[PDB]
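Enquirer: Opening with a subset of the complex:
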Amino acid sequence: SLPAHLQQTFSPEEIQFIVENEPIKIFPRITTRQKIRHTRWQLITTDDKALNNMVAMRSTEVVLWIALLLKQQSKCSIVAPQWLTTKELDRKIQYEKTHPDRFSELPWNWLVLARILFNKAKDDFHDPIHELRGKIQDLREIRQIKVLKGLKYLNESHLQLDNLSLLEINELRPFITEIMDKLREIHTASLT
Amino acid sequence: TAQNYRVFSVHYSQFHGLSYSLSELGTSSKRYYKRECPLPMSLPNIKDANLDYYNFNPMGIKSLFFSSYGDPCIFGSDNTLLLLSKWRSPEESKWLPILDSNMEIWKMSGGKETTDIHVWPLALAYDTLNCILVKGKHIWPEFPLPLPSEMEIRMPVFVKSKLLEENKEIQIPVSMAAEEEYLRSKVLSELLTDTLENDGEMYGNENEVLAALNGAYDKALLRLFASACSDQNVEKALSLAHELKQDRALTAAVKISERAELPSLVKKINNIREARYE
């Protein structure tokens, strides 16, 4: 029933769905607030109290599919997180270049959220998009170098990483799982 | 700058000086609150990046507005946001600086004396100024207008010397953080109480946020009470818990007095409670 390319791993659009199902800070451009003198929102998979209390030009916290849906309307503009600034990305780049053995303390959804906000929020960034995408590509490349260095330690027992992103888990999942499964199969056949 | 039936104005002349007038004209009940009372603001000290603006705006008024509850606010050339508190009673009116935005700009930059970022004010919601943080050599924003950032108001009791001394991101110690939380909670509680008693609530959220604000008031007072009791200061602890508002948080002060072993403080706080039962 399940397709062969969705058998033992997630597709990247399922990762997009998973990271669309998080809260995010946002600026409404419409007023749905009841004054002292309109059907309610009434959702069942997220808290609708922050969406019922939606005030124009304020900071609220809504789920990301609502964020993208309202950005398509341009009724509400998505605010980038703290780590999507040039200074914080430069700090992450310096941490990557400082400790070669350890990955930086980036969020798990740092590639997928960046792609979503680049392709959907082209006028919602205080810093320019240009150097932001340059630093995103630099962090992606240095994380690729670190996972290429760490792949020399493919052990039969176990293998650990600290702060690898979910999209990088789907980058490296079938290769690592198949190679370690066959290494374990070789050693378990080697046991008496 | 007018908001609904309220009108707020700033006057200046060489032979009168700087002043302000606040009025409420209405469809009825024509009452003028203050007429040309003097305005506590510093005009700018009269290179081309500032002179391009001060040839255009000699007064240094970046913006002039009302808050979300109707309290007047002004943003002068010294980059401080002045709110007029208790303007309905002219014998108790005072101008409260609630943001010295250069100090918080220096505070978010990790102590660096930062020039290339400026605050361009737009509005003041409750405990939050909405304003574009303009980056560059020019104070004013350009046509591709970015999202207006949010700056929480902080009472200017921050001295740079102590923050540089303890930090050998500027991390405020819990003592003066409790001090500024206590002062900010007190002035915001006064403002919310005045706007709820006089103009009423325009929504349903104002009473519960006032209760949570009095909660944050008492929590900051207990944190000042702890630093008083840590230095064996019975009298300062009694003065701190004498300004404690609710009877719920006095038992916490009794427990801190028990942890600090000050039984005379326990006796005097119980005498305060005895006064409070009737």
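Expert: Structure's in. What do you need? Numbers count the residues shown, from 1 in each chain, chains lettered A, B, ... in the order given.

Enquirer: distance of residue A:66 from chain B?
Expert: Applying C-beta to the nearest C-beta, to the nearest Å, the value for residue A:66 to chain B is 17 Å. No exception for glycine: its C-beta is placed from N, CA and C like everyone else's.

Enquirer: What lies in contact with the helix or strand harbouring that residue?
Expert: Element membership of residue A:66 [criterion: DSSP states H and E] is helix A:64-73. With contacts defined as C-beta atoms under 8 Å, 6 or more residues apart in numbering or on different chains, helix A:64-73 is touched by A:19-24, A:26, A:46, A:51, A:62, A:76-78, A:113, A:116, A:120-121, A:124.

Enquirer: Give me the buried entries from these.
Expert: Buried residues within the contacts of helix A:64-73, counting neighbours by 16 or more other C-beta atoms under 10 Å in any protein chain shown: A:19-20, A:24, A:26, A:46, A:51, A:62, A:76-78, A:113, A:116, A:121, A:124.

Enquirer: farthest-separated two in the residues you listed?
Expert: Longest distance between any two of the buried ones among the contacts of helix A:64-73 is 21.1 Å, between A:46 and A:124; criterion C-beta to C-beta.

Enquirer: Just confirm residue A:18 contacts residue A:166, I think it does.
Expert: Yes. Contact status for residue A:18 versus residue A:166: in contact at 7.2 Å, counting by C-beta atoms under 8 Å.

Enquirer: more neighbours, these two?
Expert: The neighbour comparison of residue A:18 against residue A:166 (other C-beta atoms under 10 Å in any protein chain shown) goes to residue A:166, with 18 against 14.

Enquirer: sec struct for the residue lying closest to that one once chain neighbours are set aside, please.
Expert: Excluding the flanking residues, the one nearest residue A:166 by C-beta to C-beta, 6 or more residues apart in numbering or on different chains is residue A:108, at 5.1 Å. Per DSSP: H, G, I helix; E, B strand; the rest coil, the secondary structure class of residue A:108 is coil.

Enquirer: could you measure residue A:108 against residue A:132, distance?
Expert: Computed as C-beta to C-beta, to the nearest Å, the residue A:108 to residue A:132 distance reads 19 Å.

Enquirer: So what does the residue nearest to residue A:166 have for phi and psi?
Expert: phi -60, psi -40 (degrees, to the nearest 10).

Enquirer: my read: it touches residue A:168, true?
Expert: No. In this structure, residue A:108 is not within contact of residue A:168 by C-beta under 8 Å, at 9.4 Å.

Enquirer: near chain A, which residues of the stretch 151-278 of chain B?
Expert: Within reach of chain A by C-beta under 8 Å from any C-beta of the partner chain, the stretch 151-278 of chain B has these residues: B:200-203, B:205.

Enquirer: Just the buried residues of those.
Expert: residue B:202.

Enquirer: what's the next secondary structure element after the helix holding residue A:66?
Expert: Following helix A:64-73 toward the C-terminus (DSSP H and E): strand A:76-78.

Enquirer: what about the most centrally placed residue in chain B, which helix or strand?
Expert: Centroid check for chain B by C-alpha atoms, centre = their mean gives residue B:98 as the closest residue, at 2.8 Å. Here residue B:98 is covered by strand B:94-100, with elements defined by DSSP H and E.

Enquirer: ok, and for the helix or strand just after that strand, which residues are buried?
Expert: For strand B:94-100, the following helix or strand on the C-terminal side (DSSP H and E) is helix B:101-108. Of all the residues in helix B:101-108, those buried under the rule 16+ other C-beta under 10 Å are B:101-107.

Enquirer: just how off-centre is helix B:101-108 within its chain?
Expert: The chain centroid and the centroid of helix B:101-108 are separated by 15 Å under C-alpha atoms, centre = their mean, to the nearest Å.

Enquirer: onto the same structure, chain C please:
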Amino acid sequence: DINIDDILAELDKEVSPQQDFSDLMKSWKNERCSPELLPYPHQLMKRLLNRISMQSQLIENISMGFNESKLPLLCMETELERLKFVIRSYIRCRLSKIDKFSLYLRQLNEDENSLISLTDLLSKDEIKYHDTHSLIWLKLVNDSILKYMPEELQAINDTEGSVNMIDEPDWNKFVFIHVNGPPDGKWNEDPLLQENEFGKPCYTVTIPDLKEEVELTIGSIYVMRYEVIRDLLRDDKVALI
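Expert: Same chains as before, plus chain C:
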């Protein structure tokens, strides 16, 4: 100085659908990467079908009720189809893993000594699907192949062959796991939790084919065998990334 955190914390104090949905993707992400067919959360899925039915009649009643603020209706609509997608993908993945392990499941039903049964493991629709898929595959291979072979070799639940007739799930299949600690925020009630060097606690588990003890510190991701992590996943301490 005086430490005031306990008195202020005790002064501060002076089933839900969102948690159900988070548990639904916890089950979905644990199901997709696991080799073993996970136990069915019967109460959670019954509550989810009841909730999606009440939302279906709610959105149809508001459609009968149709200022025009159509954005709450659009929120209802994409709400319904995204919930339907999650439920569809979870049931489709577990149906595929039912189809992979049909012979294992019918032996596990046939073995009365084993405590695992399909009433504890599968839904009624999944039990019906597995049963009638086993009969239709059985009938296809009897009128295709096994009619022409003698009495020893028509068995499909055979064991004593040169190669094993029955499929078996990869119990030691390597999988990405991320530790969450206990499901609750109170850490001290877990007996398996123990404090280590550098402040960070860990879970200690033993691989028996190498006979080694390994430490899984809270807040880091690993790849481990599924037999090692089965008892932690059944107690819901990790999440299968």
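
Enquirer: back to the contacts of helix A:64-73, now that we've got chain C?
Expert: With C-beta under 8 Å, 6+ apart as the criterion, helix A:64-73 contacts A:19-24, A:26, A:46, A:51, A:62, A:76-78, A:113, A:116, A:120-121, A:124, C:71, C:74-75, C:78, C:82.

Enquirer: how many neighbours does the residue in the stretch 1-150 of chain B that chain C sits nearest to have?
Expert: Here the stretch 1-150 of chain B gets closest to chain C at one residue, residue B:127, 19.9 Å apart by C-beta to the nearest C-beta. Counted with other C-beta under 10 Å, residues neighbouring residue B:127 total 17.

Enquirer: and it, what does it touch?
Expert: B:152-153, B:184, B:188.

Enquirer: circling back to that earlier point, in the helix holding residue A:66, what counts as buried?
Expert: Result for helix A:64-73 [16+ other C-beta under 10 Å]: buried residues A:64-71.

Enquirer: out of those, who's nearest residue C:16?
Expert: residue A:66 (19.1 Å).

Enquirer: what's in contact with stretch B:90-110?
Expert: B:33-34, B:39-40, B:78-87, B:112-114, B:117-119, B:129, B:151, B:153-156, B:158, B:160, B:163, B:169-170, B:184, B:187.

Enquirer: Just the CA trace of that stretch, in CSV.
Expert: In CSV, the C-alpha atoms belonging to stretch B:90-110 read as follows (Å, rounded to 0.1, in the frame of the first residue of the first chain):
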residue,chain,number,x,y,z
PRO,B,90,-4.1,68.2,37.1
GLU,B,91,-2.8,68.4,40.7
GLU,B,92,-1.3,64.8,40.4
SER,B,93,0.0,64.8,36.8
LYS,B,94,3.5,63.8,36.1
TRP,B,95,5.6,62.9,33.1
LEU,B,96,7.1,59.4,33.4
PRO,B,97,10.1,58.4,31.2
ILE,B,98,9.4,54.7,30.4
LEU,B,99,12.0,54.1,27.7
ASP,B,100,15.5,55.5,27.4
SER,B,101,15.9,53.7,24.1
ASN,B,102,19.6,54.4,23.7
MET,B,103,20.2,52.4,27.0
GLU,B,104,18.2,49.4,25.8
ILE,B,105,20.0,49.7,22.4
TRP,B,106,23.3,49.5,24.2
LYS,B,107,21.9,46.7,26.3
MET,B,108,20.9,44.4,23.5
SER,B,109,24.2,44.9,21.7
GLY,B,110,26.3,43.4,24.5
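
Enquirer: give the contact list for residue A:22.
Expert: Residue A:22 touches A:63-64, A:109, counting by C-beta under 8 Å, 6+ apart.

Enquirer: go again using 7 Å as the cut-off
Expert: Contacts for residue A:22 (C-beta atoms under 7 Å, 6 or more residues apart in numbering or on different chains) come out as A:63-64.

Enquirer: same deal with residue A:165?
Expert: With C-beta under 7 Å, 6+ apart, residue A:165 has these contacts: A:106, A:108, A:110-111.

Enquirer: Just among the residues you listed, which is most surrounded?
Expert: residue A:110 (25 neighbours).

Enquirer: Contact residues of chain A facing chain B?
Expert: Contacts of chain A with chain B, taken as C-beta under 7 Å from any C-beta of the partner chain, map to A:27, A:33, A:35-36, A:57-59, A:77, A:79, A:124, A:126.

Enquirer: Next up, the contacts around whatever residue of chain A ends up closest to chain C.
Expert: Using C-beta to the nearest C-beta, the single residue of chain A nearest to chain C is residue A:2, 3.7 Å away. Shown in contact with residue A:2 (C-beta under 7 Å, 6+ apart): C:92-93, C:96.

Enquirer: how about JSON lines for these, with distance to chain B and neighbour count added?
Expert: Formatted as JSON lines, the contacts of residue A:2 follow (distance: C-beta to the nearest C-beta, whole Å; neighbours: other C-beta atoms under 10 Å in any protein chain shown):
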{"residue": "C:92", "distance to chain B": "41", "neighbour count": "14"}
{"residue": "C:93", "distance to chain B": "40", "neighbour count": "21"}
{"residue": "C:96", "distance to chain B": "45", "neighbour count": "15"}
